[PDB]
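Here's the structure we're looking at; comments come further down.
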Protein chains: 2
Amino acid sequence: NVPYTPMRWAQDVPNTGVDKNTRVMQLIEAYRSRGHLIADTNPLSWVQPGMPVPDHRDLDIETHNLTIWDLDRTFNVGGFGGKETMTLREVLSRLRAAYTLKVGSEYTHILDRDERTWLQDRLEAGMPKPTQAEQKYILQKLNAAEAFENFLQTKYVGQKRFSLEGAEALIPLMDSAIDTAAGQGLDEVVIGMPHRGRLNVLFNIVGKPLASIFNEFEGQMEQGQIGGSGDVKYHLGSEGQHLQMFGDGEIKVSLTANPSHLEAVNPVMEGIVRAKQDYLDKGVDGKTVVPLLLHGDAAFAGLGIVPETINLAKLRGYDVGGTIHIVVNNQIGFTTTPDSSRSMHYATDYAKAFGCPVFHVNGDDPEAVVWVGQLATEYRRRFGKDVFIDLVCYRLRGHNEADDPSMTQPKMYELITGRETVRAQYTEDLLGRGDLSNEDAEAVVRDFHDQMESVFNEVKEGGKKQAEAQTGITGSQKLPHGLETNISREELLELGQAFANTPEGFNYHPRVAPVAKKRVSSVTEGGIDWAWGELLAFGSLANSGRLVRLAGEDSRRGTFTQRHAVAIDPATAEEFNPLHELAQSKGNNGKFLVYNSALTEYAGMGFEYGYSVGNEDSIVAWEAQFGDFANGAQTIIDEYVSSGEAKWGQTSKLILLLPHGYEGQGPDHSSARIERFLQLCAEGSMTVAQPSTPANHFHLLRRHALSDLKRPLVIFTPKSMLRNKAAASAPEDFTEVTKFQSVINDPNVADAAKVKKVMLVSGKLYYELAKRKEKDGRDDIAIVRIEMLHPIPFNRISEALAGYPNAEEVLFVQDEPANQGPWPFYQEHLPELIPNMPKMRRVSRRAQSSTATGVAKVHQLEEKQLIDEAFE
Amino acid sequence: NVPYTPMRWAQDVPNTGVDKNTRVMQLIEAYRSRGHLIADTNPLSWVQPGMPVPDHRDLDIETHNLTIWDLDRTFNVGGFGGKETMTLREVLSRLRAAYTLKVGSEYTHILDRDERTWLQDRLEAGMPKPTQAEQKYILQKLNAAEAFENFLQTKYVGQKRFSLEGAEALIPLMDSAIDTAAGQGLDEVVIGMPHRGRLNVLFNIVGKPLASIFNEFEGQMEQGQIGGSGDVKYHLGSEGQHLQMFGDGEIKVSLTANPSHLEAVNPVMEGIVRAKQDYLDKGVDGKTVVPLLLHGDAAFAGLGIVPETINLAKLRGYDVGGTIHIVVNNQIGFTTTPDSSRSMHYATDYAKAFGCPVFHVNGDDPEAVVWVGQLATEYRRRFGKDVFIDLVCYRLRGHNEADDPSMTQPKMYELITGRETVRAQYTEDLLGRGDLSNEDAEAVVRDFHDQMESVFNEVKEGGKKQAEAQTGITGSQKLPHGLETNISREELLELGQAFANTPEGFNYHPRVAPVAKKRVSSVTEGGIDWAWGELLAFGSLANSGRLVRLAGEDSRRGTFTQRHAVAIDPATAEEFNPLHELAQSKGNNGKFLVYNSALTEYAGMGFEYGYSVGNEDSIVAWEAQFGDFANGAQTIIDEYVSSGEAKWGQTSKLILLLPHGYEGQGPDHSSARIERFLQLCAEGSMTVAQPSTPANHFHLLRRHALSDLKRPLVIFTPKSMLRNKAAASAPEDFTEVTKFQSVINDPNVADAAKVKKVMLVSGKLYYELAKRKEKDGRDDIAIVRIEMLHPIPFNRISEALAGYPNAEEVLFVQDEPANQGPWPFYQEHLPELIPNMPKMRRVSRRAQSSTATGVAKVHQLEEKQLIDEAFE
Ligand SMILES: CC(=O)SCCNC(=O)CCNC(=O)[C@H](O)C(C)(C)COP(=O)(O)OP(=O)(O)OC[C@H]1O[C@@H](n2cnc3c(N)ncnc32)[C@H](O)[C@@H]1OP(=O)(O)O
Ligand SMILES: CC(=O)SCCNC(=O)CCNC(=O)[C@H](O)C(C)(C)COP(=O)(O)OP(=O)(O)OC[C@H]1O[C@@H](n2cnc3c(N)ncnc32)[C@H](O)[C@@H]1OP(=O)(O)O
Ligand SMILES: Cc1ncc(C[n+]2csc(CCOP(=O)(O)OP(=O)(O)O)c2C)c(N)n1
Ligand SMILES: Cc1ncc(C[n+]2csc(CCOP(=O)(O)OP(=O)(O)O)c2C)c(N)n1
Ligand SMILES: [Mg+2]
Ligand SMILES: [Mg+2]
């Protein structure tokens with residue numbers, strides 16, 4: 001059992017052609033670059049049958065024209081090993097000790113010279129010898145891990161727990177990293193992980209009490225929100241403190257909630273870290289909250305969310321100072337082996353796309369694992385980049401504790417069954433080298449087992465409660481009754497002037513300058529458009545002292561060239577942000593931050609959800625280029641935004657801005673899928689709206705921000721109505737009207753006793769129906785708008801309908817096909833809530849498999865047909 | 001304007017320490033590895049503010065301790081340039097000519113020695129000088145590209161076309177690759193691409209007639225399916241032939257349809273290629289259909305689907321022999337620059353994760369572009385791997401032709417406006433070197449313009465038609481009336497025996513052997529379970545002579561350990577596939593292929609959809625581990641599966657198998673979201689079913705496969721009912737019952753005149769209601785099952801209800817919450833279709849924000865409450 005190729009027999013060769021010093025330098029370079037291919041990093045003596053084996057002929061002395069006859073000759077090595085001269089025997093010895101034992105390293109692909117040199121120097125010095133106290137501490141942590149698993153196995157046999165047996169070195173690795181961070185003087189560590197070994201990390205790293213975990217197994221579950229539904233035990237989070245064992249440091253440790261969908265926590269935990277860093281406010285030399293992210297081997301190589309999130313690492317609105325990644329490589333999926341899971345040689349090969357170092361370590365050598373953890377945390381602090389650790393280990397049982405792995409992997413489980421554990425091997429090694437006594441080794445085991453037995457008995461004394469029905473979360477938060485959302489006239493004029501107070505030698509672009517002038521004059525003469533209404537809302541909130549963040553694709557300029565929140569000078573390329581300047585000059589330390597995202601919907605929306613959870617007092621909004629591209633983030637909508645409160649008691653106030661409207665641009669530029677969002681709504685989970693005037697958009701945003709109702713808000717924004725002059729607003733609507741309106745009654749009814757038809761509408765189709773009513777002189781019709789879709793404002797609709805006492809019909813008019821839009825939701829729910837209402841009649845487009853037509857002339861024909869049908 | 005650092009002044013250094021020959025060899029290695037960092041590959045003299053500049057100090061002679069005084073000394077170079085000895089002046093000259101001009105190359109990261117040597121040899125030989133005929137051919141293609149763009153600009157000013165101006169060298173690059181493939185003797189080339197330059201590729205590469213394109217611009221659109229809705233002009237496909245210009249070769253060229261969602265065509269086009277290769281059947285040395293895939297720079301770096309699809313390249317059921325990738329790098333997104341789009345230095349850095357070569361080429365040197373195209377196609381044929389080309393160019397106008405790019409990128413568009421085009425530069429170069437006459441150069445332009453003018457006039461003679469309403473696609477395909485789907489008794493016994501005809505020294509695993517015995521005995525004694533019913537269906541179809549493909553996560557064994565389609569011997573690890581053996585021994589050349597996928601839902605389902613389009617006569621099925629993970633493939637469901645026929649006239653017969661059932665395993669292991677699928681259904685777009693007996697599943701699959709209705713099928717499969725003994729089937733149900741049943745009436749009604757309540761149910765809740773009815777002895781109830789959900793079998797439901805003439809109530813019973821499951825769909829539609837039916841009454845769980853509870857005791861309490869409410 002020796003891992004190297006034997007020395008071969010050959011004749012001595014002449015020193016002609018390429019000199020032999022050149023050949024020894026090429027050998028040094030080959031080991032530094034490719035020595036990881038023959039390193040002792042696998043605990044099993046296992047080669048997977050269907051995977052390609054890379055060529056490693058570069059690592060034998062025959063390929064470089066050297067021979068056994070050169071081993072005692074002396075060569076120039078140019079500073080290698082801190083020496084100018086050396087023998088080939090000593091060169092080989094040093095290379096093999098540094099690159100071929102229990103740690104394999106990849107770092108030669110890095111482009112910067114100072115980075116490479118730092119790693120090379122530390123990797124060739126070697127691992128320093130640890131003290132006896134340190135060694136005993138590693139043994140205590142290994143014992144805790146294994147003991148906890150065995151206890152649960154014995155007391156709860158059938159129950160599913162996802163054990164860590166085979167990979168117990170994870171606990172001392174995570175402990176090493178957190179300890180190093182506490183020594184550097186940082187503030188917090190945030191963890192995200194999957195199912196494998198979660199209950200073990202909660203108890204041994206985060207500090208969740210043991211009574212809580214035993215209660216969970218007996219069927220008593222802690223309640224997050226009053227009337228909530230809950231979730232399984234390996235999807236929950238917690239908080240705690242960590243004290244340095246040999247130091248005076250202290251750090252805070254947190255773990256975040258997640259669903260079963262793998263790798264969906266990656267963008268969410270990045271956002272939590274960014275929000276916490278922004279609140280501390282320590283600058284460019286700060287970045288004092290550390291992200292620690294755990295993965296599995298199959299998931300890391302397979303799912304596309306992983307590289308999509310790593311791509312945000314060095315961008316302006318997303319940087320968090322680097323991420324420490326740990327991949328638990330146990331050489332198997334569920335029933336699938338690596339040959340069917342990836343086309344890369346290693347699972348951690350995405351690192352080479354981003355220019356980052358990788359460390360592969362054997363999971364049966366605990367002292368090497370502790371060294372790699374320390375070295376990774378130091379690299380992050382100095383260079384501010386991502387680092388990857390690959391922990392090679394195995395899985396002792398099946399995927400869960402009810403599965404038999406021998407059915408599909410017979411030969412692999414011949415090597416696994418009946419091994420000795422990592423705790424047993426380490427105890428034997430220390431007793432051999434005289435580093436520990438037997439009394440000590442026996443106390444370590446006895447003490448921990450007594451502790452667990454004590455707690456267990458205490459938990460069984462208390463009787464078990466019986467099951468009870470879950471009530472719901474509708475009334476668990478209060479509604480803001482009697483809140484006024486209008487600003488003063490002085491405040492409005494100041495916001496207007498912000499766009500005239502340019503810096504010293506700044507000029508606008510000729511096509512942007514008219515927009516600025518109109519903003520300054522409109523706050524006194526009238527004609528405020530949609531974009532200006534939105535910015536007035538965010539600006540007012542930033543003045544009062546809040547952090548406002550807006551992110552999305554092309555969101556600084558706007559997709560439809562409507563926003564202009566940051567302007568650029570054509571001559572010098574200088575930037576200007578008016579509303580941020582005004583906010584910083586009022587002495588409440590408010591901020592208005594606008595960012596252009598990368599081209600992603602899954603990672604984008606996930607990052608903003610995380611930001612809202614990490615800072616409860618910020619106002620965050622994510623914008624989509626068109627609302628039709630939000631189905632690329634369906635996982636986030638279904639697993640976090642729509643259902644997080646009912647499952648975990650985690651609340652958010654994220655704002656989604658989704659453009660919507662039927663205008664003839666085709667099936668992928670027409671609908672944001674209102675019907676889908678209204679399906680997800682129940683128990684008052686979130687608010688859904690489609691306003692028709694800039695002032696009403698202003699009031700909706702301000703009510704959300706100033707209330708104490710911590711639930712999300714989904715708005716359906718316009719595309720063509722942005723520049724419609726019948727939709728503009730007057731200044732009195734921002735300063736004398738006090739509240740948001742959910743139903744707007746018809747403003748052009750001469751006499752209410754002559755009405756015989758009522759039309760209900762939502763959105764931009766109002767302005768067409770109104771136009772036609774004026775042209776044809778119809779005094780028997782009244783058009784009523786619905787601005788808030790969920791919840792249903794049934795008291796207001798009832799009040800409006802009651803105002804027309806001679807009505808015989810009610811029509812519901814929409815632009816969308818009959819199986820889309822708000823009609824399905826309203827035809828089900830509204831008749832129950834208003835019993836005395838006449839039967840409703842739909843007027844819409846026919847039902848379709850796609851969203852809309854692809855021909856423009858057909859679109860125009862359909863619209864004419866629709867409006868004609870509405871007016872008999 | 002010289003691109004190199006000037007030679008510096010220094011003193012001569014002594015030849016001591018590290019020898020100077022060693023230093024010259026290190027310089028050669030540095031240029032081979034990192035010389036692309038200073039290559040002349042950008043047509044503009046532009047450096048983006050905000051992007052990091054890599055260190056390239058390795059490329060100057062000072063860092064290797066050499067000086068101007070060494071330039072005329074002679075050194076040993078070890079075969080470089082085919083010489084044993086050389087001067088430092090000649091070394092530098094050769095390195096600069098190979099690695100620093102118009103082509104930059106990355107290949108030193110490849111692990112195989114033979115690959116590296118092949119590339120190195122061809123890259124240092126240089127580009128061979130082309131003939132005059134070849135040069136004139138390149139000029140014809142450049143002219144065609146530019147001329148077409150200018151014509152459309154002049155005749156249709158406002159209309160959106162997404163021009164290729166700035167990147168016209170793409171047309172000769174694609175032509176070079178297709179020409180090389182025709183010389184190798186291959187069969188087809190399949191293309192997938194986005195919006196940028198699509199109408200140009202359709203006319204100049206694929207051969208779509210010009211009349212068709214002009215008609216599109218005048219509003220006359222070609223119809224795909226009778227009564228279809230359509231799509232915009234830059235989302236359509238076509239077919240054609242390509243003849244070799246200087247050869248006797250011929251090849252077929254195809255382009256595939258796609259939606260606006262970027263990069264969603266990547267898995268679909270890979271599947272099309274695999275299906276075509278399988279039909280030709282030329283073996284391991286075949287792989288004679290070439291995939292050619294075009295991207296944009298922002299999309300390639302940002303979206304996660306790209307690396308997820310590249311990861312399938314070398315896997316057993318997905319390999320297609322390599323893919324040629326082209327990235328059109330025009331240095332801008334929409335309004336976003338590379339500094340805000342990626343954290344990699346180049347857009348093509350994912351190549352380094354997979355071990356593949358990259359070529360960067362200047363888009364204003366057309367002869368170099370043609371060389372790189374040829375070299376890439378040769379590399380693919382020899383090594384069978386992926387290859388990446390980065391074409392560096394610019395965008396002349398805005399994102400579309402209605403946008404002003406100076407608002408946000410002022411300095412970049414100072415360099416672009418008023419340049420001379422690539423056609424103009426190339427014409428000037430050839431006239432200078434005496435390679436072309438003026439008469440020739442003028443004829444090239446005049447001839448092409450005359451051709452276009454001719455066609456245009458012809459198109460305007462014919463009058464324009466007026467718009468007409470679109471009718472729908474419901475009746476465009478026929479239903480299989482009078483088809484019988486039963487097999488013979490002889491066929492059933494033969495299928496059974498397949499599991500007894502083991503190879504010579506094969507034995508089953510002890511926990512798999514009972515399953516095999518039961519399969520052999522059940523075909524004569526009874527008790528056939530769910531999994532065996534499914535396999536009997538697929539086996540029968542493979543016997544008749546069809547290719548059957550089943551793919552999914554852990555689909556060979558089954559997630560619930562139920563299928564065992566391939567078995568493994570514990571002693572030797574040999575594999576056995578019974579139903580494939582039987583099919584190949586019947587002389588119709590049938591196949592049963594089962595594969596375990598990687599851990600992906602987006603790339604998995606996309607690949608299977610593509611397979612169904614590439615071979616219309618195959619039976620393809622994709623399986624999900626649980627139906628709750630299908631929201632990771634929402635793009636494919638919404639943009640391709642649900643709506644492809646109505647948009648493009650593209651038909652498919654894919655089968656989706658989605659596990660579903662409420663059993664107490666929590667919110668991410670309970671629902672496949674039936675409500676979402678029933679929203680997408682209209683115009684008879686696809687079939688949705690939830691069967692309750694193995695025989696009925698058998699008949700459903702066989703009706704789909706033997707009919708001529710080319711639409712998809714979505715089935716909701718069980719988890720616990722897999723092993724329920726009340727659900728098993730007898731042999732007569734496969735051999736004497738002729739058809740599939742859509743409604744199953746109650747089999748335990750003594751007297752039909754005493755019934756006073758009818759219950760409607762679907763799925764596994766039947767077996768609980770039936771149980772209770774027997775226990776309590778209720779003769780006033782009848783339970784009726786619905787097996788096909790869409791379309792609605794309203795004639796059968798009417799017939800069943802009419803059989804009970806004294807009924808007073810109808811109850812609809814489901815397990816799902818009230819805002820989920822089939823109730824929303826049925827409460828809307830069923831009362832209209834059956835006017836005389838009593839009012840329906842719901843019995844279900846309450847409405848919820850999440851799918852299900854997380855506590856198991858609460859689940860049991862809810863189920864009891866539900867069934868009690870049903871029975872008064
Ligand atoms: C979904 C959520 O965010 S929590 C909703 C929880 N409640 C329910 O779902 C119970 C059933 N629903 C209902 O009774 C109705 O839909 C209601 C009460 C929410 C609204 O019905 P109406 O009375 O017709 O609506 P109206 O617009 O008059 O609202 C009344 C008050 O509620 C407030 N309000 C209503 N919806 C919201 C909301 N989403 N956010 C904040 N305040 C709200 C209004 O500001 C108003 O305050 P005021 O009394 O100071 O003027
Ligand atoms: C969605 C698709 O795949 S195409 C559907 C197109 N048609 C429509 O949508 C029109 C409206 N729909 C209807 O009228 C009804 O829903 C129907 C006609 C589909 C079924 O009505 P019912 O008579 O209640 O159902 P039933 O199951 O008895 O169907 C009768 C016949 O239709 C056939 N059939 C029904 N649905 C399908 C289907 N999805 N695939 C194949 N055959 C089908 C049955 O095989 C049967 O054939 P048979 O006459 O040889 O016995
Ligand atoms: C997105 C998604 N797809 C599929 C699954 C089903 N699933 C659960 S565990 C698992 C295997 C995970 O393998 P690996 O990442 O190696 O985890 P390990 O069991 O080794 O810790 C799969 C496919 C899932 N939960 N989420
Ligand atoms: C999935 C998705 N997200 C967003 C968009 C919106 N969109 C259309 S084009 C575009 C920019 C594409 O940039 P690039 O890939 O460089 O293309 P180019 O215009 O340079 O050809 C974006 C974000 C889209 N169509 N699809
Ligand atoms: Mg694993
Ligand atoms: Mg681009």
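Reminder, nothing fancy here: chain letters follow the sequence lines and each chain counts from 1.
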Rounded to the nearest 0.5 Å, how far apart are [atom1] of [X] and [atom2] of [Y]?
X       : Y       : atom1 : atom2 : value
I637(A) : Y602(A) : CD1   : OH    : 11.5 Å
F334(B) : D403(B) : CZ    : CG    : 5.5 Å
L599(A) : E553(A) : CG    : CD    : 4.5 Å
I191(A) : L255(A) : CD1   : CG    : 5.5 Å
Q184(A) : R382(A) : CD    : CZ    : 12.0 Å
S597(A) : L315(A) : OG    : CG    : 9.5 Å

Next on the checklist: Between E623(A) and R563(A), is the side chain to side chain contact (heavy atoms under 4.5 Å, CB included) condition met? List the steps.
Outcome noted: CA-CA 12 Å; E623(A) 189 172 12; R563(A) 192 176 277 122; 2.7 Å; yes

Is there a donor-acceptor contact under 3.5 Å from the side chain of [X] to the main chain of [Y]?
X       : Y       : value
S340(B) : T336(B) : no
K385(A) : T323(A) : no
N266(A) : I305(A) : no
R116(A) : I110(A) : yes
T337(B) : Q48(B)  : no
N311(A) : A301(B) : yes
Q331(B) : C393(B) : yes
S343(A) : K314(B) : yes
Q277(A) : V320(A) : yes
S612(A) : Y609(A) : yes

Item to check | salt bridge (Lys or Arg N to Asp or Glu O under 4.0 Å) partners for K591(A), two or more places apart | outcome: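 Counting only residues at least two positions away or on another chain, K591(A) forms a salt bridge (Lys or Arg N to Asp or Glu O under 4.0 Å) with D281(A).
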
Item to check | All salt bridge (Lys or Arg N to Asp or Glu O under 4.0 Å) counterparts of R380(A), not counting sequence neighbours | outcome: none

Is the shortest side-chain N to carboxylate O distance from [X] to [Y] below 4.0 Å?
X       : Y       : value
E575(A) : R556(A) : yes
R342(B) : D349(B) : no
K282(A) : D187(A) : yes
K287(A) : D319(A) : yes

Item to check | Test log, rule side chain to side chain contact (heavy atoms under 4.5 Å, CB included), inputs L312(B) and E270(B) | outcome: CA-CA 10 Å; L312(B) 302 182; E270(B) 293 288 346; over 6 Å; no

Checklist entry - Do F388(B) and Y350(B) pass the side chain to side chain contact (heavy atoms under 4.5 Å, CB included) test, and can you show the C-alpha distance, the side-chain angles, and the key distance before you say yes or no? => result CA-CA 10 Å; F388(B) 296 78; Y350(B) 285 133; 5.9 Å; no

Side chain proximity check, [X] to [Y], heavy atoms < 4.5 angstrom:
X       : Y       : answer
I655(A) : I619(A) : yes
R32(B)  : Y107(B) : yes
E601(B) : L303(A) : yes
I568(A) : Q409(B) : no
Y394(B) : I332(B) : no
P291(A) : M269(A) : yes
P405(B) : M412(B) : no
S618(A) : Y279(A) : no

Looking only at non-hydrogen atoms, find the nearest pair between [X] and [Y] and report the distance.
X       : Y       : value
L262(A) : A299(A) : CD1-CB, 4.3 Å
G302(B) : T600(A) : O-CG2, 3.1 Å
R381(A) : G286(A) : NH1-O, 3.3 Å
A376(A) : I389(A) : CB-CD1, 4.0 Å
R34(A)  : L111(B) : NE-CD2, 3.4 Å
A313(A) : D386(A) : CB-OD2, 4.0 Å

Identify, with sequence neighbours excluded, every residue that meets side chain to side chain donor-acceptor pair (under 3.5 Å) alongside [X].
X       : value
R57(B)  : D55(B)
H109(A) : none
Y379(A) : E115(A)

Checklist entry - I326(B) and side-chain contact (heavy atoms from CB on, under 4.5 Å): which partner among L293(B), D390(B), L170(B)? => result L170(B)

Item to check | Pairs satisfying ring-ring contact (aromatic ring centres under 6.0 Å, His included), at least one member in residues 32-53 of chain B, at least two apart | outcome: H36(B)-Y346(B)

Next on the checklist: With side chain to side chain contact (heavy atoms under 4.5 Å, CB included) as the criterion, how do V361(B) and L391(B) come out once you've worked through the C-alpha distance, each side chain's angles and the decisive distance to 0.1 Å?
Outcome noted: CA-CA 5 Å; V361(B) 62; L391(B) 182 72; 4.0 Å; yes

Checklist entry - Does the gap between the ring centers of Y31(B) and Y99(B) come in under 6.0 Å? => result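 Aromatic pair excluded; centres sit 6.0 Å or further apart.
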
Item to check | Ring-ring centroid check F592(A) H580(A), cutoff 6.0 Å | outcome: no

Item to check | Over-ring placement of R549(A) relative to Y611(A), 6.0 Å and 45° cut-offs | outcome: yes

